[PDB]
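**Q** experimental structure and sequence below.
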Amino acid sequence: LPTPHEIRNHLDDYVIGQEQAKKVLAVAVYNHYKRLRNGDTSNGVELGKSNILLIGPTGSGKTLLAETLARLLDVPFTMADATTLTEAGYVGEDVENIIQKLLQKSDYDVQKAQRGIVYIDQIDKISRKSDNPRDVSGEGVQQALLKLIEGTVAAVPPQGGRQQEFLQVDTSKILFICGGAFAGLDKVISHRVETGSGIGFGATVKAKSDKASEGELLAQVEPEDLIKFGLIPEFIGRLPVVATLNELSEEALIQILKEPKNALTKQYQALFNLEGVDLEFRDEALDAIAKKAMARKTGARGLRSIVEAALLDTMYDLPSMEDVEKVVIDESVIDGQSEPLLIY
Amino acid sequence: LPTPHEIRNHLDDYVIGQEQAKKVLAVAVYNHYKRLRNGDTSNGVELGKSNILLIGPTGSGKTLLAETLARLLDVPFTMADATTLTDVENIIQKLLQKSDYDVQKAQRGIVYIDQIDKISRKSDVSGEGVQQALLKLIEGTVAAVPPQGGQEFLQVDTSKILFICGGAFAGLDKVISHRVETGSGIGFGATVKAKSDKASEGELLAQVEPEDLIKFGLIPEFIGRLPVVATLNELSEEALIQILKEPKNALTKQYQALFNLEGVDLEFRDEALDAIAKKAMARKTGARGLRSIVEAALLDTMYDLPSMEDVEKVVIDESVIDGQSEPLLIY
Amino acid sequence: XXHXXXX
Ligand SMILES: Nc1ncnc2c1ncn2[C@@H]1O[C@H](COP(=O)(O)OP(=O)(O)OP(O)(O)=S)[C@@H](O)[C@H]1O
Ligand SMILES: Nc1ncnc2c1ncn2[C@@H]1O[C@H](COP(=O)(O)OP(=O)(O)O)[C@@H](O)[C@H]1O
């Protein structure tokens, strides 16, 4: 049933700018389900576990891929958070609660829940930082999660009980997608491999050029680098598949403002349409916006700042203004040097 | 129940290129486990507690030896680290997390440690903290461990628990060279380190005494508790090729099985395998990082293999490893 | 309640 060719096209409809990452997920997703079709029946013994490790910058679409995949996929999907997770459940939460929410989506169907997908956001949150210690969000969380990720049956009261019984739902079959923004990881990889600082005439020095630090550096990531970050090596050993996402290109940004149905121009113009005046954006403004956005280095999430701040003056006085049929925005408006000219 | 000859055969099934290391573990494990059976019935009471020390280059399978041995003998094993330490209690509870309930069953378990050279005494709170702290740990003691996290504490003896301190000692070869082999490397007549990769440094490590480890940074009191010493050899280029085929379970076998389920045959040519070895050498990750190269190289093929139709067999050319070509598909 | 650790 799974198709790697079609799934890549489907993700392209909702995600843009990450072509390599789509290929990685299609292989792991196809392999994981194929394994369950014939479980441990092949001649090959000790088959490697198929897991996913999403790693990319902010606004790269980590949370977006989990949403799009859930809609396209038939099995139930869940969206949890690592910040809420706590060890030995004092007042925050428990690891077993993740399984309870999965059944609510699957309507207490063990046969249908074991084939489900799991996605945990902000994986970096559980990084073990116990230099000055007890720790409720550090080693305790990762230790409990590793036990679950290893594959074990955990007691879960079905429906809560009206019984003193619990179901032994398997865990090795269920898939897991550990993803989150890694801050400081680039420095760790750069610290290990620099291959520079040559003072000789023959030697070369690169101060601004960083050999595509946003994308190339991620491609050369190793498990040993994450160990210094704080993660446990056994946790990384269980995830042979890692996804690397490069920084969005200026071309990709333009596509994100036009092709998607959640585009800023579409919603903002729709909002202006309610007022009664149409909104027009030229192509020259779009490429200009992309350059400013990349400078901020905030991702797509910070794109809105440039568009809104530029239109702050226009929206403030637009209701008072009358007899304006359409609004025209030029490239200079993005810079802010020239005010936009209205159409009557 | 097993014997040194039988365990050696089992060890050889999943490990290769380390012959001396097999004999060390076989007698140590057989003798150590023998103590558990006899107990104190014999006249020689207060017997046992012999530690094992492993020193070798990264990617030699030091960790694999413990994990493979744990599977062969079906004994619980944990893989803890000493780099995190600046706790000791974490190490003890870690082993218990395997079953969460062990009174007379976790005492016979095994533990492995990685990056033992990091704790070397620099001359400096980062180093020498751990070695003084590990003394009481190795010598045996009992530590409180809440079973399952919870309201009664559990006491577990550590003397029976065996320890295997794994690690890599870079630069150690030069230290012994000036002391035993010869004082050279900088002079004209003095032999330079020309054979960086032409010859294997391993032979020199075979003459490693506890006194040489003191100059590296270790404490003599810490080394005295680990009398056994293992000198793994430098991983060979052919060994990587053997690892892909000779072991019981290899990446090629696993990949063949996956495609076998799909219904397509998988074949890897000898020329392709040698190219992979050269790439792995540059990474300096040995076998541990070899899997990464194969995953990326076959990612494109794996993506299009299900979409492709009537492909009876897959032929992988050596150019594919280079990255300038695609593998041939047999219909 | 909480945890304190510094130097
Ligand atoms: N790759 C992308 N392509 C297009 N739009 C994107 C992309 N990434 C983010 N966006 C936009 O930003 C919004 C929020 O994206 P998110 O996926 O939540 O960002 P995020 O950084 O992945 O979140 P985190 O870091 O995982 S909490 C989306 O609704 C889109 O409008
Ligand atoms: N002889 C061998 N046969 C099969 N695999 C091996 C062998 N030697 C090393 N490996 C691989 O190396 C990995 C373990 O590396 P390890 O010895 O832990 O490196 P380090 O000692 O630097 O931590 C395992 O995943 C294992 O598959």
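**A** Yep, it's here. Numbering: from 1, shown residues only, chains lettered A, B, ... in the order given. Ligands and ions are numbered 1, 2, ... in the order given.
**Q** just give the nearest non-adjacent residue to the residue nearest to the spatial centre of chain A, would you?
**A** Taking C-alpha atoms, centre = their mean, the centroid of chain A lies closest to residue A:62, which sits 0.9 Å from it. Using C-beta to C-beta, 6 or more residues apart in numbering or on different chains and skipping residues adjacent in sequence, the residue nearest residue A:62 is residue A:179, 4.9 Å away. Every residue, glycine included, has its C-beta placed from N, CA and C.
**Q** elements contacting the host helix or strand of the one you found?
**A** If you go by DSSP states H and E, residue A:179 is part of strand A:175-180. Applying 3 or more C-beta pairs under 8 Å, 6 or more residues apart in numbering or on different chains; DSSP states H and E, one finds that strand A:175-180 contacts strand A:52-55, helix A:62-72, strand A:117-121.
**Q** next, the buried residues of the longest one.
**A** Okay, so that is helix A:62-72. By neighbour count on 16 or more other C-beta atoms under 10 Å in any protein chain shown, the buried set for helix A:62-72 is A:62, A:63, A:65, A:66, A:68, A:69, A:70.
**Q** I figured residue A:265 hits residue A:281, correct?
**A** Yes - counting by C-beta atoms under 8 Å, residue A:265 does reach residue A:281; the two are 5.5 Å apart.
**Q** so between these two, which is more surrounded?
**A** Set residue A:265 next to residue A:281 and count neighbours by other C-beta atoms under 10 Å in any protein chain shown: residue A:281 wins out with 22 against 17.
**Q** could you look up the SS state of the closest residue to chain B within the stretch 51-200 of chain A?
**A** Residue nearest to chain B within the stretch 51-200 of chain A (C-beta to the nearest C-beta): residue A:88, separated by 4.4 Å. At residue A:88, secondary structure determined by DSSP: H, G, I helix; E, B strand; the rest coil is helix.
**Q** OK, contacts around it?
**A** A:136, A:140, B:149, B:150 (C-beta atoms under 8 Å, 6 or more residues apart in numbering or on different chains).
**Q** and the host helix or strand of the second one, anywhere near chain C?
**A** Per DSSP H and E, residue A:140 falls inside helix A:139-150. No - judged by C-beta under 8 Å from any C-beta of the partner chain, helix A:139-150 and chain C are separated, with a smallest distance of 12.4 Å.
**Q** for that helix, give me every contacting residue.
**A** A:51, A:82, A:85-88, A:95, A:126, A:128, A:130, A:134, A:154, A:171, A:176, A:231-232, A:234-235, A:238, B:90, B:97.
**Q** mind saving the C-alpha coords of it as CSV?
**A** Output of helix A:139-150 as CSV, limited to C-alpha atoms (Å, rounded to 0.1, in the frame of the first residue of the first chain):
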residue,chain,number,x,y,z
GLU,A,139,18.1,11.8,32.6
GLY,A,140,14.9,10.6,34.2
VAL,A,141,12.8,11.4,31.1
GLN,A,142,15.4,10.0,28.6
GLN,A,143,15.8,6.9,30.6
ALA,A,144,12.0,6.2,30.7
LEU,A,145,11.7,7.1,27.0
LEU,A,146,14.6,4.8,26.0
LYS,A,147,12.9,1.9,27.9
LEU,A,148,9.7,2.5,25.9
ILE,A,149,11.6,3.0,22.6
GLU,A,150,13.4,-0.2,23.1
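**Q** quick one: buried residues of the first helix or strand past it going along the chain?
**A** On the C-terminal side of helix A:139-150, the closest following helix or strand by DSSP H and E is strand A:154-156. Using 16+ other C-beta under 10 Å as the burial criterion, the residues of strand A:154-156 that qualify are A:154, A:156.
**Q** contacting residues around strand A:154-156?
**A** A:96, A:99, A:100, A:103, A:148, A:166, A:167, A:168, A:169, A:171.
**Q** what residues does the stretch 151-300 of chain A have near ligand 1?
**A** Counting by C-beta under 6 Å from any ligand atom, the stretch 151-300 of chain A comes close to ligand 1 at A:181, A:256, A:262, A:300.
**Q** report how many residues lie close to the closest residue to chain B within the stretch 1-150 of chain A.
**A** For the stretch 1-150 of chain A and chain B, the shortest gap (C-beta to the nearest C-beta) falls at residue A:44, measuring 2.6 Å. Residues lying near residue A:44 (other C-beta under 10 Å) number 17.
**Q** for the closest residue to ligand 1 within the stretch 151-300 of chain A, what are its contacts?
**A** Closest residue of the stretch 151-300 of chain A to ligand 1, C-beta to the nearest ligand atom: residue A:300 (3.7 Å). By C-beta under 8 Å, 6+ apart, residue A:300 lies in contact with A:59, A:61, A:248, A:253, A:256, A:293.
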